[PDB]
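Read the single chain below, which is given as structure tokens and is the form deposited in one PDB entry.
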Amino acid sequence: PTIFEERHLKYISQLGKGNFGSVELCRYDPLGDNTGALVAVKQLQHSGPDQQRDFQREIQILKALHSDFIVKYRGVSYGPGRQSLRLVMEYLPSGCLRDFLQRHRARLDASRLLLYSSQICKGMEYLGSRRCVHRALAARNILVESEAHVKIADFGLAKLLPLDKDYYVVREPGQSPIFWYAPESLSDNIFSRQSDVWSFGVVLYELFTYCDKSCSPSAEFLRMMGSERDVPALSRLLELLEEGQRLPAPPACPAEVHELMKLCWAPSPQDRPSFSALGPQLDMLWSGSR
């Protein structure tokens, strides 16, 4: 089913919200008897020309990816007046990894966190082979399919690299989650697969702190930023990073995983390991742990 008849998408609730977009939980119920499959459905509201263009791109990217570790595209449906599309995807009832880690902390061991690390890395390896920069990778937009299975979601900011170039540049984002971004992204608006590796090291930090709010990247920054408190965060963060300061090793985090983090956060993009180099190292550590 490539086209989902709007009439059969039964609205249930909202799942989540960005500025320009929402995701809704719907049942696709073509028998009309409320027995059909749940789906997540994304649509724009309150968006300009660039946001609409960016959404058709989002759709095309997700539709082309077939990975166990990337949230699955199902189809499209029509929005109001059949003047717009909605992006129909599989529904993962366990929600985002960030919140799952906080709720289930007590029973998720290092081996399970290594499994999630390995799965995310594999997904990113898959993206990388399709010249896709995710950009937004964070625990808050990774989804839990089952207790032993996660998937990368939220392709709102994803972009394909041209055949002939290994990065792109944007106009200064008005607002971005600065504590996940590589320094070249913060300072020169450069994004690449290697800037995704930086963000992945911050994902490893998220995983091995169980996304505890007390040692969040923001909380660590405020601890680290120093005595001068009226200094703009982004300005101060870039200085800290330039000086070689990095998020600290979580108390419980295996030393080898911390070492991977530090490699991910190499100052020079070309000095960071690729996802294909990270994957076997994480796989080895996960294997070790079960």
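Only residues modelled in both forms are compared. For clarity, a rigid core is taken as the largest C-alpha set superposing within 1.5 Å between two forms. Residue indices: 1-based, along the sequence shown.
- Among other compared entries that model residues flanking residue 140, every one gives it coordinates, keeping it clear of the one-third cutoff.
- For the cut-off of one third of the other compared entries, residue 80 qualifies: that many or more give it no coordinates while modelling its flanks.
- Higher mean CA temperature factor, per the PDB entry, when comparing 22-30 with 242-250: 22-30.
- Mean CA B-factor, 173-181 versus 123-131: the higher value falls on 173-181.
- You'll see in the entry that, of 62, 41, 225, 260, the Cα B factor peaks at 225.
- Of the candidates 274, 268, 13, 281, the deposited coordinates give 13 the top C-alpha B factor.
- Per the PDB record, residue ranking by Cα B-factor puts residue 220 in the middle third of the chain.
- Among the modelled residues of its chain, residue 74 has a C-alpha B-factor that falls in the middle third according to the deposited record.
- In the PDB entry, a CA B factor belonging to the middle third of its chain's modelled residues is recorded for residue 82.
- Residue-level temperature factors show residue 37 in the highest third of its chain, judged at the C-alpha atom.
- Per-chain ranking of the deposited C-alpha B factor places residue 165 in the highest third.
Same protein, other form: the form deposited in another entry, not shown, and the subject of what follows.
- Annotation for residue 226: C-alpha shift of 2 angstroms or more between this form and the one not shown, rigid core superposed.
- In the other entry, the CA atoms of residue 242 and residue 228 move apart by 3 angstroms or more relative to this form.
- In sequence order, the one region between this form and the one not shown where at least three consecutive C-alphas each move 2 angstroms or more after rigid core superposition is 226-233.
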